[PDB]
Structure formats: structure tokens, C-alpha cells
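Peer 1: Below are the C-alpha cells for one structure; questions will follow.
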Amino acid sequence: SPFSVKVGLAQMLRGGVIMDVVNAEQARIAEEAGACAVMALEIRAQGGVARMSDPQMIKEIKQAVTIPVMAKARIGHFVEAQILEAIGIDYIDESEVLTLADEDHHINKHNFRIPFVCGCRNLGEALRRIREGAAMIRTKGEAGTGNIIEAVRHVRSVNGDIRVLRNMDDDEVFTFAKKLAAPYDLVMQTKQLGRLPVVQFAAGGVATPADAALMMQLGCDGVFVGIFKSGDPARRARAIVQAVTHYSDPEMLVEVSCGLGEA
Amino acid sequence: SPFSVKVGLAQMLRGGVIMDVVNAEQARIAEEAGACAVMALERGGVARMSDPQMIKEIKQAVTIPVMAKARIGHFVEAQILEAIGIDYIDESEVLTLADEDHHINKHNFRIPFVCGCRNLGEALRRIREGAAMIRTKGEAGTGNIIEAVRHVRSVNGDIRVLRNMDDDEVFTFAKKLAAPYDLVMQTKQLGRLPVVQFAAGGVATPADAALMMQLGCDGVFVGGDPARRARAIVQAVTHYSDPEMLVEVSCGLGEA
Amino acid sequence: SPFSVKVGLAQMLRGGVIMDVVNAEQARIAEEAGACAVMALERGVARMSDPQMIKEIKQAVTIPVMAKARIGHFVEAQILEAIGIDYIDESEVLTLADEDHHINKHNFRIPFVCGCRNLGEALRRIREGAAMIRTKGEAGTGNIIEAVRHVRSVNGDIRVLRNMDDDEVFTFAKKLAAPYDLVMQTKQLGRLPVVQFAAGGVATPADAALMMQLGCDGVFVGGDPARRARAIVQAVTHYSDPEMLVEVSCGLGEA
Amino acid sequence: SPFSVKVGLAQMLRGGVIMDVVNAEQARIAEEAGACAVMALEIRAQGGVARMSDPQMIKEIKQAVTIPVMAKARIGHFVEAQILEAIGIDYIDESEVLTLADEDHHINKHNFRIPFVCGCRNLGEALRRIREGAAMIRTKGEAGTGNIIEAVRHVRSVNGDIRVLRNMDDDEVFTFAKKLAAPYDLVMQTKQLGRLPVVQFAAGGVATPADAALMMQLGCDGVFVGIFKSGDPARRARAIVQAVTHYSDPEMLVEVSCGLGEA
Amino acid sequence: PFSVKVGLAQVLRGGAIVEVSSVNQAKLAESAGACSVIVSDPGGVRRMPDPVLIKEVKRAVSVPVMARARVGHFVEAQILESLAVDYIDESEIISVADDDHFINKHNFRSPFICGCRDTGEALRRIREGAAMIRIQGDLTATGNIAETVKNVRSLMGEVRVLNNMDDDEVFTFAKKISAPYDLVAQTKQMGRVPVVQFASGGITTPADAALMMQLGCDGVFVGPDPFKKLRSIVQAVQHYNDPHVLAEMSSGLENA
């Protein structure tokens with residue numbers, strides 16, 4: 001199925017660090033430091049309404065790098081998505097860090113040929129996003145705080161219920177799907193598989209190498225990072241990348257965390 | 001019937017974009033960018049009908065239909081607008097409500113009225129009062145379309161529910177909407193709103209506008225570079241199902 | 001108009017008394033006293049009456065025969081119509097069958113009676129097809145107090161509507177939760193667009209005449225039955241004649 | 001009765017616009033624009049306590065114009081009233097825009113030979129003021145906002161109940177008087193008469209010609225205006241006057257509303 | 001094999017199912033034209049009926065025989081499947097044995113019928129493996145069809161809303177009724193619940209039975225002179241759109 005294909009496409013991001021960038025220079029630094037992909041955008045401390053970014057600045061970024069290029073479309077704003085697909089981005093992030101455009105419905109992501117990333121806070125929310133066509137999931141903690149506490153809560157939440165589900169009496173799964181408010185078929189598929197049937201990244205407040213590695217040890221396939229809001233971006237970005245690749249190696253983690261500068 | 005004629009007058013606005021204007025300059029820029037109509041207004045404080053002076057100047061500066069706002073329930077403001085040749089009157093809640101419990105009796109006028117709504121029951125009540133054109137209003141002056149999406153979805157949603165409903169249950173449904181049964185059945189027959197339906201509130205980008213059209217709206221109201229953004233939105237409404245086009249007009253639009 | 005014809009079939013009752021009956025005997029006694037029509041029923045759950053007992057009563061009298069259908073039970077109605085009944089009473093006195101919907105009465109040829117407590121309820125039943133309204137009160141108590149409340153409610157609202165500023169009638173329709181058209185028609189006429197009876201607790205001649213003096217086109221009624229029936233009938237025919245009311249009320253016997 | 005006479009006196013104000021003035025010049029402009037009477041006073045945006053105005057400035061105004069001159073006396077302050085009567089004003093407005101002086105009782109207006117205007121918000125309040133001796137009523141919305149919404153509510157309220165009362169079953173009027181908390185005799189008098197047994201003006205937030213005409217179409221006999229808090233007072237005052245005299249003439253209303261200036 | 005059970009249950013469309021407690025009652029019900037009989041022995045705890053009694057009923061008639069198991073009592077179901085019943089009704093009329101889980105119905109060869117009060121509940125029972133749904137009103141012997149009507153209308157009406165729904169809104173709809181999205185889609189595409197739907201609870205007269213049919217059900221369960229009433233109800237279901245027939249059958253029904 002074309003869904004199996006989009007899911008497959010995202011497999012390549014495993015062990016990767018996706019980086020937010022607001023221009024070319026940054027996207028180059030992000031690729032130079034070994035980011036597996038960049039996320040183009042032009043919020044918390046400012047306000048206003050945050051929407052899809054201008055195609056011009058998306059086109060410029062896609063030209064500056066050779067790694068995949070992502071872009072955010074407001075939740076439910078399927079036309080913002082259509083525009084991003086047309087522009088030829090690799091992945092669309094129907095992102096709750098932008099201003100919600102539809103409070104009751106997410107974009108129907110199947111209607112697209114381009115793969116979608118969706119946020120989640122727990123297992124049910126993830127399985128609902130997937131059924132809607134999301135090919136990749138990121139468990140989002142809190143955005144723009146530099147505090148990782150909420151990401152940890154959500155990662156543990158999702159992974160926790162997955163372990164509960166894995167060993168659950170078969171006759172009790174129906175009720176579990178109800179309580180989760182998630183499609184039973186996808187729940188059983190998650191049970192048999194022992195994990196999310198799609199790639200699962202951590203996102204929100206990942207500020208240091210130790211943060212990134214922590215997410216990996218909790219069982220994530222990679223992390224999103226907002227790096228440029230710190231002292232020296234290049235070194236820090238490199239450190240987080242290295243941290244994800246060597247997450248189970250404290251010696252290396254100590255190496256890359258050394259003299260990082262103000263976080 | 002005089003009402004069916006007013007309804008017909010509003011149909012010639014389908015597929016169009018209506019733009020707020022506060023001077024003759026804007027009106028031209030708006031007409032230049034291909035607006036189907038312009039909305040005359042001079043802007044906390046109490047918001048009232050605009051001065052006929054400036055309304056007359058705008059109706060003279062453009063050849064497209066000119067609309068103007070009257071406060072909710074302010075039927076005398078409406079009489080004044082009608083007497084000065086205005087093409088449409090917008091009994092608009094973005095002005096300072098003048099009557100909290102009654103809207104203008106719009107049948108008593110020759111000019112076609114636009115009224116706002118948040119759901120189907122509200123739309124039908126406005127129509128029964130004489131409204132010839134409905135605009136599903138989100139919120140005003142925020143640039144956030146989330147509320148418009150809610151309402152458009154709410155109205156279109158109930159219309160779909162209505163279309164397929166058991167006939168014997170429509171009575172109770174009309175009660176729950178607190179809407180006139182006749183109009184409810186008429187809405188069931190047509191399978192849509194018996195009048196033109198636009199979207200208004202927070203439409204800030206071409207994508208916003210095309211989204212409203214894709215949701216079912218017959219058009220939109222709009223409240224960096226205006227002349228450029230204006231044409232982009234017009235183009236968005238005309239080609240709302242053409243992504244390639246939507247990309248082209250959104251490209252390098254500027255600060256919204 | 002097929003509805004206007006149904007409305008007309010009901011007016012022919014204007015000025016009369018409708019009496020509940022459970023056998024040919026009672027039905028005959030009621031017709032003897034001068035009832036303008038009889039209401040057939042057998043009395044837990046309360047349902048449509050047996051088609052047999054209804055037919056027995058239909059043959060044992062010359063006046064129109066009414067029968068109750070449970071609220072929303074459109075099949076009970078279909079059956080009553082097929083029995084050739086003159087009127088169907090979609091009655092809340094029986095066990096409610098559909099809590100959210102009434103019968104679509106426009107799908108029937110026979111004329112329907114529906115109960116109500118206020119103007120909105122009345123207008124809603126009419127829009128559903130009811131050709132006659134009985135402003136209900138309290139059933140089985142012999143207490144007239146609730147019927148008086150509802151008659152005053154309906155009549156009072158009608159009067160308010162009669163003189164209301166046109167521009168305010170829309171909002172008034174919303175508050176009544178009633179069809180705007182049927183409301184403007186009621187304002188134009190100055191009364192309900194259909195026959196309006198009172199029912200609930202009407203126990204004495206005085207009760208009946210009171211209802212008439214309050215503006216009801218007639219009444220339903222649920223020691224000496226024959227005597228009381230005639231007295232009530234007379235009360236309704238001569239509702240503004242105190243001498244009559246005194247006469248037929250004298251030596252009435254335990255009510 | 002001397003009450004019939006005071007009521008009669010107020011009949012002359014029908015079709016009139018009463019204007020607030022704080023000095024002579026204004027009172028002259030108000031008369032020049034065709035005001036049927038002026039209201040002398042020396043509030044919302046400032047605070048402090050608002051009382052009767054100084055006689056000196058009342059005497060000066062009464063000398064500057066030939067149309068009737070009104071003045072406000074605090075609610076319940078019967079001595080402020082005595083002073084105004086002594087000064088020889090035409091009408092006294094026991095006015096709730098001034099600082100209430102008695103929270104439980106209004107001035108006994110019968111004890112005066114000079115006619116009183118009282119505010120009201122609904123029918124019962126109007127009939128109570130009248131029984132107290134008020135010869136003229138003004139249904140007040142809200143003061144000093146320029147918003148007419150509350151005046152409309154009150155006008156519709158009073159007129160609405162009057163229509164209800166007009167067609168009401170006679171036997172139900174007693175209860176209606178109770179619910180209104182208004183003297184039964186005055187209620188029946190209002191029933192038989194089909195309107196307020198005294199002159200009834202609109203007041204509060206009347207800012208434009210359309211506002212003034214609206215009040216007249218709702219069934220008022222005239223309006224109070226606070227005009228000088230706008231761009232060009234003379235033109236505006238003239239426009240509101242003309243609006244009241246031609247309230248049912250949209251063409252004229254358009255004429256006088258044209259180029260009015262900041263309201 | 002689920003499709004096989006769903007296919008089997010179809011043969012029941014157009015029938016009345018009668019609760020019997022003896023081979024005597026089972027025979028009458030059969031002669032009266034009952035499409036099937038549901039065997040039971042009857043406050044207190046109400047359980048699966050004695051396998052002996054069930055065998056007598058099965059032997060004493062040719063029509064399909066149903067029996068009740070308590071909700072979640074999968075062992076009681078194993079027994080019923082062992083004794084060779086045609087259908088097992090996992091029934092809330094009996095005392096629930098598990099308040100959090102129903103029998104996993106796909107573990108059995110016998111077709112299951114489950115009760116429901118709304119669409120969500122129906123779809124959940126079906127995903128668990130129910131091959132037939134009964135829209136249940138009163139669990140008591142009240143003779144009142146009010147709740148049955150409520151639940152039948154709720155079922156039908158949600159199906160009709162779903163039929164017309166914007167596809168993009170079906171996901172949220174599935175979340176709201178807590179039903180498996182894929183069964184919701186199937187229900188939408190088919191414009192009807194993917195299995196046979198019978199009415200049950202309080203059906204006391206021919207008029208009651210015919211009403212359920214006119215409301216869109218595929219048949220009915222039913223719990224003085226019993227034979228006469230039985231045939232009348234069967235006829236009522238067979239001729240549910242024919243008033244004259246219905247009058248005939250209601251005429252002289254002793255007392256319900």
C-alpha cells in the first residue's frame with residue numbers, strides 16, 4: 001500500500017536528529033553537523049498567529065541542502081498541506097506548535113502522496129494520528145521551554161502502555177482500545193509488533209546531549225530539536241547528533257558535552 | 001417574490017472575494033485586484049454605521065457592488081444606507097450591537113442583507129428575518145481562522161445531517177435548532193443553505209481562503225503589500241482546488 | 001387544503017363535551033346526555049384500546065368516535081385510522097412510546113387531537129399535523145387547577161402575541177420554540193388556528209363553564225353518572241347563565 | 001389637579017430634543033440648533049461626587065435662552081429640588097446620573113409646583129416615579145458611553161409591557177400590578193390609555209441622527225442628549241433635532257447625517 | 001469465518017424470536033411461525049439455563065434454537081457451543097459475570113447475538129465477534145417499548161448521520177462513539193449496520209412489532225391466550241406495512 005511505502009520512507013530517519021531552521025545558513029550548519037533532516041519555519045515568547053511558512057523560504061532551504069526537508073502545516077489546514085506537497089517537500093509536519101486551524105479534525109493525511117509527521121502525548125493519540133495517515137510520530141512534551149520533563153512523561157506514557165498492551169490478555173484488548181479511544185485493528189497490530197507501527201521520535205525541550213541520549217535510551221528512534229537558541233549552534237548541533245548516534249556510551253557523551261557553552 | 005430576487009442578487013457574488021475598505025484609494029486597490037465587492041467602513045470605542053459622505057465617495061470610485069455595515073438591530077441605520085443607494089447592507093456583529101434581543105426586520109427593505117452566523121439555527125433565523133446572504137463568522141481582527149472553520153463545519157455538518165434525516169424527526173430537530181420548520185425542510189430539500197454562504201473571520205492568507213472554498217463556502221470576506229495579497233486571495237478563491245496555483249500566489253507574499 | 005378540511009371536521013365539535021367511555025353502555029349513556037363525541041378506551045403500561053371494543057362502541061352510537069394512541073406510536077394510529085375512527089387522540093395520558101418525537105400526523109387522513117400546556121407546545125403539535133388542541137391539566141385528580149393554568153397560559157400568550165410589535169415576533173417564536181409562520185398566523189387570527197378544548201380535572205358543571213368562560217371551545221371529561229353528564233353538557237351549552245348553572249348543579253351527588 | 005397641569009405642561013416638549021449644557025455659549029448653540037429645552041449642569045470618566053449645579057451658572061443659562069431650562073437634583077435630595085424650584089427653573093430632573101443621595105426613597109415630587117422628570121428602566125419603575133409625582137419620564141439606558149443598546153432595551157421593555165397590558169384580561173391585571181410592583185390604579189390607567197400617562201423621552205447614548213430617529217420610531221416623544229463631546233457641536237445638534245422632527249424620513253436622515261464629523 | 005456467521009444470521013431477517021421455558025412453549029412458538037426460539041428457565045442471580053432443558057427444546061423443534069450466556073461468561077458459552085445451539089445470546093438480561101469485558105466471540109464457531117443501546121456499543125460488540133445485534137430497550141418485563149424506540153432511533157439516526165458525513169470527519173466520529181474506525185467506515189460505505197439488527201424489549205403487541213419494523217429493524221425478539229398473540233406478532237412482522245392486516249391481528253387479543 002502507498003501507506004506502507006510512506007512508513008518505509010521514514011525508516012531512514014532512525015538514529016537521526018531533525019533540526020529547525022529559519023534560513024539557509026542554518027540549514028547548512030544543520031547538515032554540516034550531521035542532521036538527518038531539517039524542518040523549515042520562519043512563537044511562545046512572541047505570540048501572534050503561527051502559520052505555514054512562506055514557500056519562497058522553503059524553496060531556498062530545499063536548494064541549500066541535500067538532506068530531506070520538512071515543513072509545518074497548521075493542524076487541520078489541509079490546504080497548507082496541499083501547498084507544501086506541491087512545493088515538493090519531503091515530509092509535512094502537521095504541527096501543534098503552530099496555531100491550530102481546526103479544533104475538531106486533523107488533516108486527512110491519506111489524501112496525500114507526501115509522508116506526514118504528527119505529534120502525540122500518549123498511545124491513543126498516536127494511534128489515532130496514524131489511522132488518519134500519519135507515517136511518523138513524534139511524542140511532543142512542551143515547546144520552547146528547554147525543559148524536557150514533558151517529553152519524558154509522554155515517551156514513558158506511550159512506551160509504558162505498549163508494554164502493557166504487549167502482554168495483555170487477548171480478550172481484554174477490545175476494552176483497552178475503547179479506553180484508549182483508538183482503532184482496535186491498529187491496537188492489535190501494535191500488540192503483535194511490540195512497538196509503534198511507525199517511526200517514533202522525541203520532541204520538546206531537548207536542550208543538551210544528555211537530553212537527546214536520554215530519549216534514545218527511553219526507546220525513541222530519534223529526536224527533534226528547536227540549538228540556534230544557544231551559545232554556539234554548530235558545536236551544540238554536532239554534539240546532539242553525536243549524542244544520538246552514541247546514546248549508550250557515557251564516555252562519548254562526556255566528550256561531546258564538554259565546553260558546550262550556554263545552552 | 002421580492003425575497004427570491006434579493007437572493008438572486010447575492011448569487012452574482014458567488015466565487016468572489018469581498019474586501020473591507022476605509023477610503024476610495026483602498027476601494028480601487030480592491031477592485032483592481034479583482035474583488036467582487038467592497039465593504040465600506042471607517043474602521044475600543046463604539047462602532048457604528050460609517051458616514052454617508054465616505055460611503056458615497058466609495059460607491060463613486062468603483063463599479064463593483066458596494067456594501068456597508070449597520071449595527072445589529074439598528075433598523076434606522078439600515079434605512080439610511082438603503083436611501084443612499086448601497087447595494088448590500090451588512091447587519092454586522094463586528095459593529096457595536098444596538099439591540100440585544102432583536103435583529104432588524106430585513107423584509108421591510110428593498111436592499112439585500114448580509115447577516116453573520118455561528119451555526120445552522122442562527123443562519124436560518126437570520127434568513128427568516130429577511131437575510132438574503134449568510135456569512136459564517138469566526139472571530140474578528142485576529143488573523144486566526146480556527147473559529148470560521150468551526151462554524152463552516154458546524155453549518156455544513158448539520159445540513160448534511162438534515163439532508164438524510166428521517167422526515168418524522170425533522171420537527172424535533174427544528175426545535176433543537178430553534179429554527180423555523182419551513183426553512184429547515186427547505187434546507188433539507190435543497191441539500192444546502194437556501195442563500196449564498198460566505199466565510200468571514202481570520203482569513204489572512206491565500207491558503208485560508210482556498211480552505212474555506214474547499215469546505216463549501218461560496219466565497220469569503222477579508223478585513224505587507226495589500227495590492228499583492230489582495231490579488232493572491234482573489235486568485236485563491238477562483239482556483240481553490242489548484243495547489244500549483246496556490247503555491248504561486250502565496251510565494252513571497254510577505255508579512256501577514 | 002387537506003389540513004383545512006381536518007380543521008373543519010373538528011370545528012363541528014365547537015360547543016360540546018367529549019366523554020371517555022369503556023363500553024357500549026357508557027357510550028350510550030354519554031350520547032344520551034348530549035356528548036358531542038365519545039372517547040374510547042379500556043381504562044402498568046396503557047396502550048391503544050382493543051380494535052374490537054372500539055368497533056363495538058362505533059356501532060352503538062351516532063356521534064363521532066375518538067380513540068387514544070400513545071405519543072409517537074404511529075402504527076397504533078395507522079390501526080385506528082384503518083378502523084375508520086373519526087378522531088385520533090395522540091394522548092400523553094397513555095404510556096409515552098417515543099420520548100423524542102410525536103407522530104407525523106400529516107401522513108394520516110383522520111383528524112388528530114394533541115395535548116399541550118402552553119402556546120409553543122400547541123403550535124408544535126399543530127405543525128406536526130394536529131387538527132385540534134386540548135390544553136391539558138391534571139389527569140385523574142378531579143382538580144381543575146392545572147387546566148386553568150394552561151388555558152390561561154395559552155390564551156394569555158395569544159393576547160400578548162396579538163398586540164406585539166411585528167419586528168419582535170421572530171425572537172418571540174424562538175423563545176416559544178415554535179414555527180414562525182404558525183405564530184404569525186396565530187397573531188393574524190387572534191386565536192389558535194385550530195379548535196381548542198380543555199381537559200384534566202373537569203369534575204363539576206362549574207368547572208366546565210369556567211373553562212368555556214376562559215375561552216375554550218369545549219371540554220373533555222374522564223354518584224349518578226347519567227345525571228352529571230347531562231349537567232356538564234348543559235353547563236357547556238349555557239356557560240354564561242348562572243341560573244342554569246345553579247339548576248344543573250343542585251343535588252349533583254358525590255363527585 | 002395641579003398634577004394634571006404639570007403633565008399638560010410637559011406636552012409641549014413632544015417632538016423635542018433636550019440638550020445638556022455647561023455654560024451660556026452652549027445653551028445658545030443648543031437653542032440656535034432648535035433644542036426644545038436645555039439641561040444645565042456643571043462624570044463617568046472623572047469620578048468624584050456629582051451634585052446639583054451652582055445656582056449662579058443656572059441663573060446665567062436661564063438668562064441666555066428663551067426655551068425652557070432644566071436642572072438635575074440628586075435622587076432623594078428634596079432640598080436640592082427646593083433650591084431649584086426657588087431659582088425658578090422650568091423642570092427638575094431628579095437624575096440618576098448624579099450621585100444618589102437617598103438609596104431607599106425618591107423625592108416626593110407632589111410637594112412641588114415645578115414639574116419633575118424621572119428616569120426609568122422599565123414600566124414598573126416608571127409608574128412608581130409617576131405616582132411619586134413625576135410629570136415626565138425618560139427611559140435611561142447607559143450614561144456617557146455613546147452606546148444606545150441599553151436605551152433600546154428599556155424603550156422596548158416599557159413599550160412592550162404596555163402592549164401586553166393593553167390587551168390583557170381584566171381579571172389578570174391585579175397580579176400584573178403586583179409583579180410590576182406598581183400602583184394598580186396607574187396600571188389600569190395605562191391600560192385604558194394604551195400608553196404612559198405622561199410624556200416619555202429616550203435618554204442614554206444617543207450619539208447620532210440615526211440613534212435619535214430610532215428612538216422616535218420605537219415610540220418615544222423625544223430624546224435627551226449629552227453633542228458637545230463631538231467634532232462640530234452645532235451641526236450635530238442641528239442634525240439630531242432635524243432627525244427627531246423627520247424621524248420617519250430616510251432621505252432627510254441621510255441628508256443630515258452627511259459629513260457630520262467625528263461623533 | 002466471521003462472514004459465514006453474519007451470513008447465517010441473515011436467514012432470520014423478517015422473523016420473530018420467542019423466549020420459551022419449556023418444549024411446550026417452544027412448539028407453540030414454532031407452530032405460530034416463530035423464526036427461532038430463545039431458551040431460558042425463567043430478583044436472584046440469572047444464569048445460563050440447564051443444558052438438559054436446552055436439549056429438550058432443541059429436540060422438540062426444527063427451527064434454530066438460541067440460548068443465553070451471561071455477559072463475559074465465556075465458559076457458559078463453551079458449554080452452549082458444546083451442546084450444539086444455533087445461536088448464543090450474550091445477554092444483559094441475565095446477571096453480568098464480567099463488568100469490564102465481553103466474551104471474545106471470535107473464539108467460537110457458534111454465531112453470537114449481543115445487545116446494544118447505541119451505534120458505538122453495536123460496533124464494539126461486532127468487532128468482538130457478534131454476528132447479530134439486538135437493539136435493547138427495557139431489560140425488565142415492563143411491556144413498555146419506549147426505550148426500545150429510543151435505542152432503535154439512536155442506532156438508525158447515527159447510521160444516517162454517518163452515511164452523509166464528510167469522510168475527513170469520520171475519524172473524530174469514531175473517537176466520539178468509541179467504535180473501531182474500520183467498522184465505522186464499513187457501516188458508512190454500506191449505509192447500514194454490517195449485521196442483522198433486531199429490536200427487543202417491551203414488544204407486547206402487534207402494533208409494537210410492526211413499529212420496530214417500520215423503524216428499520218430486521219426482526220424482533222419477544223419475551224392470557226399466548227398462541228393467538230404469538231401468531232399475531234409473527235403476522236405483524238410479516239405484514240408490517242399493512243394497516244388492515246394489523247387491525248385484524250390486534251382484534252380480540254384478550255389482554256396483553
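Chain labels run A, B, ... following the order of the C-alpha cells; each chain numbers its residues from 1, and ligands are numbered from 1 in the order shown.
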Near residue B:152, counting only C-alpha atoms, which residues have an atom at most 9 Å away, once you skip same-chain residues fewer than 2 positions from it, shown as a compact mmCIF listing (two decimals) with N, CA and C atoms, in the first residue's frame?

Peer 2:
```txt
# COMPACT_ATOMS: atom_id res chain seq x y z
N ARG B 118 -23.08 31.51 13.45
CA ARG B 118 -22.09 30.61 14.01
C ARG B 118 -22.53 29.17 13.84
N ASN B 119 -23.81 28.98 13.57
CA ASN B 119 -24.35 27.64 13.35
C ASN B 119 -25.59 27.72 12.47
N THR B 136 -20.70 32.96 7.63
CA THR B 136 -20.33 32.24 8.83
C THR B 136 -19.10 32.91 9.41
N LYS B 137 -19.31 33.59 10.53
CA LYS B 137 -18.28 34.40 11.17
C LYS B 137 -17.51 33.62 12.21
N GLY B 138 -16.19 33.62 12.09
CA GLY B 138 -15.34 33.12 13.15
C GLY B 138 -15.12 34.24 14.15
N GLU B 147 -11.95 29.67 14.22
CA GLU B 147 -13.37 29.81 14.56
C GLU B 147 -14.26 29.70 13.33
N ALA B 148 -13.81 30.29 12.23
CA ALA B 148 -14.52 30.17 10.97
C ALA B 148 -14.62 28.70 10.55
N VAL B 149 -13.53 27.95 10.72
CA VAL B 149 -13.54 26.54 10.37
C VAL B 149 -14.60 25.82 11.21
N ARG B 150 -14.63 26.14 12.50
CA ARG B 150 -15.62 25.56 13.39
C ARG B 150 -17.02 25.80 12.86
N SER B 154 -19.70 23.45 11.27
CA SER B 154 -20.94 23.30 12.04
C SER B 154 -22.16 23.41 11.13
N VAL B 155 -22.22 24.47 10.33
CA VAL B 155 -23.34 24.67 9.42
C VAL B 155 -23.43 23.54 8.39
N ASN B 156 -22.34 23.32 7.65
CA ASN B 156 -22.30 22.27 6.63
C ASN B 156 -22.57 20.90 7.24
N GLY B 157 -22.09 20.69 8.46
CA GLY B 157 -22.31 19.43 9.14
C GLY B 157 -23.78 19.16 9.37
N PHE B 198 -20.93 32.79 2.61
CA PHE B 198 -19.51 33.15 2.59
C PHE B 198 -18.88 32.85 3.94
N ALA B 199 -17.55 32.93 3.99
CA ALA B 199 -16.83 32.76 5.22
C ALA B 199 -16.14 34.07 5.59
N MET B 212 -11.53 27.65 2.93
CA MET B 212 -12.95 27.96 3.10
C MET B 212 -13.74 27.49 1.89
N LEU B 215 -14.05 23.84 1.86
CA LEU B 215 -15.01 23.39 2.87
C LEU B 215 -16.46 23.55 2.40
N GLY B 216 -16.69 24.44 1.44
CA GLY B 216 -18.02 24.59 0.85
C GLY B 216 -18.51 26.02 0.68
N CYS B 217 -17.79 26.97 1.24
CA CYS B 217 -18.21 28.37 1.16
C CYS B 217 -18.32 28.86 -0.29
```

Peer 1: For chain D versus chain B, which residues have an atom no more than 9 Å away, and what is each residue's nearest atom pair and distance in Å rounded to one decimal, using only C-alpha atoms, chain-then-number order, as a Markdown table?

Peer 2:
```
| residue | atom | partner | partner_atom | distance |
| --- | --- | --- | --- | --- |
| D:145 | CA | B:46 | CA | 8.0 |
| D:146 | CA | B:46 | CA | 6.9 |
| D:147 | CA | B:46 | CA | 6.3 |
| D:148 | CA | B:98 | CA | 6.1 |
| D:149 | CA | B:98 | CA | 4.4 |
| D:150 | CA | B:99 | CA | 7.9 |
| D:152 | CA | B:99 | CA | 6.2 |
| D:153 | CA | B:99 | CA | 6.8 |
| D:210 | CA | B:77 | CA | 5.6 |
| D:211 | CA | B:76 | CA | 7.5 |
| D:213 | CA | B:76 | CA | 7.0 |
| D:214 | CA | B:76 | CA | 5.6 |
| D:217 | CA | B:76 | CA | 8.4 |
| D:247 | CA | B:76 | CA | 8.9 |
| D:248 | CA | B:76 | CA | 8.9 |
| D:249 | CA | B:79 | CA | 8.9 |
| D:250 | CA | B:80 | CA | 5.4 |
| D:251 | CA | B:83 | CA | 6.0 |
| D:252 | CA | B:80 | CA | 8.9 |
| D:253 | CA | B:80 | CA | 6.5 |
| D:254 | CA | B:80 | CA | 5.4 |
| D:255 | CA | B:52 | CA | 8.8 |
| D:257 | CA | B:52 | CA | 7.0 |
| D:258 | CA | B:52 | CA | 5.4 |
| D:259 | CA | B:53 | CA | 5.5 |
| D:260 | CA | B:51 | CA | 7.5 |
| D:261 | CA | B:51 | CA | 8.2 |
```

Peer 1: Would you mind writing down, as a ChimeraX atom specification, each residue of stretch 143-225 of chain D that DSSP on the backbone assigns to strand (DSSP E)?

Peer 2: /D:199-203,222-225

Peer 1: Near residue C:97, within 12 Å and counting only C-alpha atoms, which residues show up once chain neighbours fewer than 5 positions away are dropped, as JSON, numbers by chain?

Peer 2: {"C": [45, 46, 47, 48, 69, 70, 71, 72, 73, 74, 75, 76, 90, 91, 92, 102, 103], "E": [137, 143, 144, 145, 146, 147, 148, 149, 150, 202, 203, 207, 208, 211, 212]}

Peer 1: Compare A:173, A:83, A:58, A:13 by their minimum atom-to-atom distance to chain E, counting only C-alpha atoms, and give me the closest one.

Peer 2: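 Distance minimum relative to chain E lands on A:173.
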